[PDB]
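S.K.: What would the 3D arrangement of this be:
(chains A, B, C, D, E, F, G, H, I and J)
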Amino acid sequence: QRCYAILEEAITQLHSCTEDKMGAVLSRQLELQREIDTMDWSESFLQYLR
Amino acid sequence: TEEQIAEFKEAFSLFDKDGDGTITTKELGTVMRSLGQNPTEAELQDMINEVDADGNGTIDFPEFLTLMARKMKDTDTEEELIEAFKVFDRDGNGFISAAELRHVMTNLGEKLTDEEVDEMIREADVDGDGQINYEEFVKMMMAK
Amino acid sequence: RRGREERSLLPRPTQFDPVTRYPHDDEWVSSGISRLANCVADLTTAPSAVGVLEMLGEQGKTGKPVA
Amino acid sequence: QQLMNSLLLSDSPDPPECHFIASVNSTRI
Amino acid sequence: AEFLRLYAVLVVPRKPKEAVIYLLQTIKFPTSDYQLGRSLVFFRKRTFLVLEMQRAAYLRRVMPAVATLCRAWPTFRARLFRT
Amino acid sequence: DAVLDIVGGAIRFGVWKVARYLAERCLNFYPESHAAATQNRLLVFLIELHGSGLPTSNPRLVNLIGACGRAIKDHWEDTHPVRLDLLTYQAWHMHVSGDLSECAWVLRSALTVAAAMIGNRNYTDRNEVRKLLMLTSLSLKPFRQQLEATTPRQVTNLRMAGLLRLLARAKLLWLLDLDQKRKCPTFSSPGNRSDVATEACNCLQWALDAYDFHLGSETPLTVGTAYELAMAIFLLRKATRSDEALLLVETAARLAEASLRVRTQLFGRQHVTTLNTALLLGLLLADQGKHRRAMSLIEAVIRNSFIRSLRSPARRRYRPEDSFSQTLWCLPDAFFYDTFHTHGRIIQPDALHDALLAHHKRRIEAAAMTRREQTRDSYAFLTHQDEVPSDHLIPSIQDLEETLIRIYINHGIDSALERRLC
Amino acid sequence: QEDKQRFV
Amino acid sequence: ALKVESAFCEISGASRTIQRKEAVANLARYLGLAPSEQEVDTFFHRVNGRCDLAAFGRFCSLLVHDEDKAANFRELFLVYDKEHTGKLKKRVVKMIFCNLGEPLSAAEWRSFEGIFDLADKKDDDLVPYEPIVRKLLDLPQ
Amino acid sequence: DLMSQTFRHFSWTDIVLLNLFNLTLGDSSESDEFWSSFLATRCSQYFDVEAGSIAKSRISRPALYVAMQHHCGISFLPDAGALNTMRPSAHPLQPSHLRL
Amino acid sequence: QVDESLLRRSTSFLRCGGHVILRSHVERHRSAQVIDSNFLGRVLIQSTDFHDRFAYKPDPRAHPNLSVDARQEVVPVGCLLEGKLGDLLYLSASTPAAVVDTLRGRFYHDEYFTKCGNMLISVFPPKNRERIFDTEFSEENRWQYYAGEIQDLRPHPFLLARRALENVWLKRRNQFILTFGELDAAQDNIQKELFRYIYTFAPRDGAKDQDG
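M.R.: Numbers count the residues shown, from 1 in each chain, chains lettered A, B, ... in the order given. Take a look:
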């Protein structure tokens, strides 16, 4: 049971380390995707005014 | 309303056993039950008056159309009875367990007898395990 | 749609079917609680902390207070 | 006052279900 | 007697007194605000306000449902000949 | 805890009026929410339940439970097992006040809370670790079988398996209180008779094999669950009356024998426990048809139980080991006598039940034919032959000799002696 | 007891 | 699938596409399967006017039905024949086809007596319904 | 707060308490900085538990609060249940909240 | 007297910054603000001589009046049921002091008329009395509180009469209205303004034809 304990600490270390490693990149991807989709949506409105 | 007349000549001929367009007055009340609306018991004798208006002793297809056009309640629509059993679906799994439907409207409702509500539990629950898949059981209202 | 630990401790879930081997004096019966086994005496059917809730919950769903 | 009692005596199986109000002053009168 | 019909349905899925008592424990009604009475049982409005919030939720909408629960049996059989 | 120790000096001893006085001033020596105070707050709750003349349905009792559970959610919000000692004190509270069907819900919530306390992982990535294994590794394994967890699920520990024993206690006591109160027909219909019996059997099942995993199968605590699983099976067969349960009676007497061997070697032969791990084994062996091993064992009960009554009445005290006894450490010993050994004193004379000879067809027919909780343990005694409440607890020498001679003339005795008798 | 005890 | 592609090419021809509502119903039972008018209507609605080989290919497969059994189709005639004599009237078989179910045009209903031998019988003549059940589901008579 | 008091004097040792207690207990991004850069790395070189396990999300805000109330040696007027029924703030604890 | 629940360390609580009643100078009567709850076993308090609870601070005040008292003579009374609505029917305190103290704040905030369970209290002073009636009985507000179906309506004689007139419309059982007061203390003017409300709304035999 202690064997599973010292592996469970390894699992929680891996998930905590990948949560803040992926936190910066995936926030930036969704921010860039927001820019593409907002600017393409704003270009579709000027086509309507055209 | 060619579609509505089409629904009329379905159930008028479905309980019809003599055949040539003439139905006896016994199953006349139950024909409208397959149209899907509520009677008063006084309407049954009010229909017999025009059964023997020409001394027919039976329903002719035009007089079923004209009297049904005089009085027409709101037909229970098909999606509203999807929803009418979805409101009893507190579980979210799409199943209405048979013990749930017994208790909750017998103390509710306006015209409900104990034999009428026991027999709808039994016939709906053909599997016997005690659940009613209402997406299949209100297609057991609207095949067509 | 029942778990493997659920099916190993209670394969027939409204009666007992005893499974203990307490003084130690399907043969292959064991939960997932231990991964050390080379013989039938090692197989502990000890319920898990989550197993003793998923299949201690399936008794209010068996009955339905009268009908 | 007995006529006010006599309308109490007329029908009323239950007593007349009441609603009351007091009209007093903020300071001492 | 009015307590039976006005507080039917509810949480529950023998005697007239015993069923009224059985309703009380099942609805989280404490025994402190209960009165030893015969028929006209006094209630102290607070606890009736507790129950009436979920009573209206239990009433809801059933009337299009019972509009066809009265009339279902030939519309079964005629459909088996419809299909 | 020194002032709380003199509080415990007055709870067990019926000095309740003093116990209220220093309990109110004990709570001043703790900060406001401060979940370390749950020892005092529960002890005050024990005074108001046992100690005051008010009944077991006071608004004081729900107010004290709510005020102490609030203090856990303030300091150690749903993350300390003082939530569980509130759930065991509340379970003791309503165990006193009847409603054993509701006490099953309390211990159910105690089991559900303790499951979150122990915790579990989800492992949502098992499908894509399998995708990596099927790409890199060389086995048949990652294609036609899902990948197992890296570390498996958690073990049921000592206390949470204690709540399993208490849940089976509420279920079995609910079964047999209605069995001795069968005058009302709306008490435990026969469909529920099998259901609550066989799953109180399953809860005692679960507590037994969790205990021999942790403490090993030699401690008194495993022996208590092994004997009680045998007792629960004995009541399961009686309620269902199913003839296919011969597999259950085999493991029942085989559980009672293992409890008997250890209890002889841990509590001696003159002890309240060791007399009914042999007495229950006597009923389960005469159940099978072993009518002389069960005979000689019931024979052995009224030897050692009689030698127990040779001892001093002041020197005969039994407190049952039970998770209520451990959590509620200070109570009079008489508060836990009811649950399963007056059960034994009721079942033992009634299970065999011959009658239907003269004195039953003569002393009934002809006789009718002629016409015209402030209870402390007793500390000081009067004479050497007094009556301890542990002596009511065991069946008397009068009525278990009664079962003994009834076994003989009916289905015991070799063919030689009953030939010489008639 | 011939095909199911073979845990070796 | 070989009979599916062989029958599809002989009707669509060089276009390899069926745009006729009536021709979709023909190609269904040249493979041997009978669709309803509503089934081909909602099929034509989803394929929005063009019927290619891939769409009709599994249209053969989704209409493979395992309830064209005799016991279900004798249940129609059993209820109307309350005396259970195995007989109904020729007027009775007229209404169950042209009025019950979806209604029939006078043309293709007229070809029904020409093959099933009911034209020479009068309105009130008596017919056994077992030959109609047996001949329709292509069981040998 | 220093505006409002007219009687209760304070010290700078009170201020360094309050800046520490609010960078540990608060909703601010400043307290997010403390738990991710300082409180995590200091646990690694003090008691040999790594920075990944130390997180602000899976810690109890009131039970930690009483834990510094005993370990640091300071008592506050609010309690563990007090902070739970307090609105989140950048600096929830204030210098009037001290006792001695 | 008060219930024993508030004089108890377990069931009732003190959080710093809550109001409290000091049980001394009995014929109560003293209000105080909580600073600390475990000062050396006792409760430290600040006897006094628009604050949210939600920030807990003592009231900043020069020259404090601190005193030590145990938790056998302090009751939490405030928050900074009890008649939360204008209908003060609820009344978390059994004593009449809850009715009087709620009417203290209702006198300061000038709403005055106050449905009291079955009762009602109006405590309007002799100063320009006709202005007080004319706001609460103007022909505007006359049809206003007919129009709302209670709920959001202010607890007024309009609701007091509408209770009896709804048991006119449905119950058809006997009802009763009555006003109290002292020597010419405008209770007659309360009743007559209430009386006009009885037959204003509802069509009370609108003039029909010859048939009926």
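S.K.: Give me the neighbour count for residue 18.
M.R.: No chain was given, so I picked chain A. Other residues lying near residue A:18 total 11 when counted by other Cβ atoms under 10 Å in any protein chain shown. (C-beta placed from N, C-alpha, C; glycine too.)
S.K.: The intended chain is chain J.
M.R.: Neighbour count for residue J:18, taken as other Cβ under 10 Å: 18.
S.K.: Also residue A:31?
M.R.: Residue A:31, neighbours per other Cβ under 10 Å, totals 9.
S.K.: Just confirm it is within a helix.
M.R.: Yes - counting by DSSP: H, G, I helix; E, B strand; the rest coil, residue A:31 is found in a helix.
S.K.: Longest helix in chain J, please.
M.R.: Secondary structure of chain J read by DSSP state H shows that its longest helix is helix J:187-200.
S.K.: Next to chain B, which bits of chain H? Give me the list.
M.R.: Taking Cβ under 8 Å from any Cβ of the partner chain, the part of chain H that reaches chain B is made up of H:80, H:82, H:89, H:91, H:92, H:95, H:99, H:100, H:103.
S.K.: The first one touches residue B:18, doesn't it?
M.R.: No - no contact is recorded between residue H:80 and residue B:18 when judged using Cβ atoms under 8 Å, the distance being 10.7 Å.
S.K.: Looking at these two, which one has more neighbours?
M.R.: Using other Cβ under 10 Å, the more surrounded residue of residue H:80 and residue B:18 is residue H:80, with 19 against 12.
S.K.: Find the residue at the geometric middle of chain B.
M.R.: Taking Cα atoms, centre = their mean as the criterion, residue B:33 is the residue nearest the geometric centre of chain B, at 3.2 Å.
S.K.: cool, chain I as well?
M.R.: Short answer for chain I (Cα atoms, centre = their mean): residue I:21, at 1.9 Å.
S.K.: how near is the residue of chain I found nearest chain H to chain F?
M.R.: The minimum distance from chain I to chain H, using Cβ to the nearest Cβ, falls at residue I:57 (49.1 Å). Distance, residue I:57 to chain F, by Cβ to the nearest Cβ, to the nearest Å: 13 Å.
S.K.: what's in contact with the lengthiest helix in chain C?
M.R.: For chain C, the helix with the greatest residue count under DSSP H is helix C:4-9. By Cβ atoms under 8 Å, 6 or more residues apart in numbering or on different chains, the list of residues contacting helix C:4-9 from outside reads C:19, C:29, C:30, C:31, C:32, C:45, C:47, C:48, C:51, C:54, C:55, F:153.
S.K.: Tabulate those residues (TSV), appending secondary structure and neighbour count.
M.R.: Formatted as TSV, the contacts of helix C:4-9 follow (DSSP: H, G, I helix; E, B strand; the rest coil; neighbours: other Cβ atoms under 10 Å in any protein chain shown):
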residue	secondary structure	neighbour count
C:19	coil	17
C:29	coil	15
C:30	coil	19
C:31	coil	21
C:32	coil	16
C:45	coil	19
C:47	coil	30
C:48	strand	24
C:51	helix	25
C:54	helix	15
C:55	coil	21
F:153	coil	18
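S.K.: Next, the contact list for the residue nearest to the centre of chain B, please.
M.R.: Residues in contact with residue B:33 (Cβ under 8 Å, 6+ apart) are E:71, E:72, E:73, E:74, E:75.
S.K.: what do you get for residue F:230?
M.R.: Contacts of residue F:230 (Cβ under 8 Å, 6+ apart): F:252, F:253, F:255, F:256, F:259, F:280, F:281, F:284.
S.K.: Just these: which are in helices?
M.R.: Secondary structure from DSSP H places F:252, F:253, F:255, F:256, F:259, F:280, F:281, F:284 of the contacts of residue F:230 in helices.
S.K.: contacting residues around residue 4?
M.R.: Chain wasn't specified; assuming chain A. F:151, F:152.
S.K.: Actually, chain H is the one I wanted.
M.R.: H:31, H:53, H:56, H:57, H:60.
S.K.: can you pick the most crowded of those residues?
M.R.: Counting by other Cβ under 10 Å, top hit in the contacts of residue H:4: residue H:56 with 22 neighbours.
S.K.: dump the residue contacts of it.
M.R.: For residue H:56, the contact set (Cβ under 8 Å, 6+ apart) comprises H:4, H:8, H:18, H:24, H:27.
S.K.: Restricted to strands, list those.
M.R.: Among the contacts of residue H:56, no residue falls in strands (DSSP state E).
S.K.: which one of those is nearest chain B?
M.R.: The nearest member of the contacts of residue H:56 to chain B, counting by Cβ to the nearest Cβ, is residue H:24 at 21.3 Å.
S.K.: That closest one and chain G: what is the separation?
M.R.: Noted for residue H:24: a distance of 57 Å to chain G, by Cβ to the nearest Cβ.
S.K.: what's the neighbour count on that residue?
M.R.: Residue H:24 has 20 neighbours, counted by other Cβ under 10 Å.
S.K.: Likewise for residue H:11?
M.R.: When neighbours are counted by other Cβ under 10 Å, residue H:11 registers 16.
S.K.: dump the residue contacts of the residue of chain A found nearest chain I.
M.R.: Chain I sits closest to residue A:16 of chain A, with a gap of 3.8 Å, by Cβ to the nearest Cβ. Contacts for residue A:16 (Cβ under 8 Å, 6+ apart) come out as I:52, I:53, I:55.
S.K.: looking at this, it is in a strand?
M.R.: No - according to three-state DSSP, the state of residue A:16 is helix, so it is not within a strand.
S.K.: for residue J:118, phi and psi?
M.R.: In terms of degrees, to the nearest 10, the main-chain angles of residue J:118 are phi -90, psi -30.
S.K.: which phi and psi does residue 25 have?
M.R.: Assuming you mean chain A. Per-residue torsions, residue A:25: phi -70, psi -50 (degrees, to the nearest 10).
S.K.: do the same with residue B:96
M.R.: Backbone phi and psi, for residue B:96 under degrees, to the nearest 10, turn out to be phi -110, psi 100.
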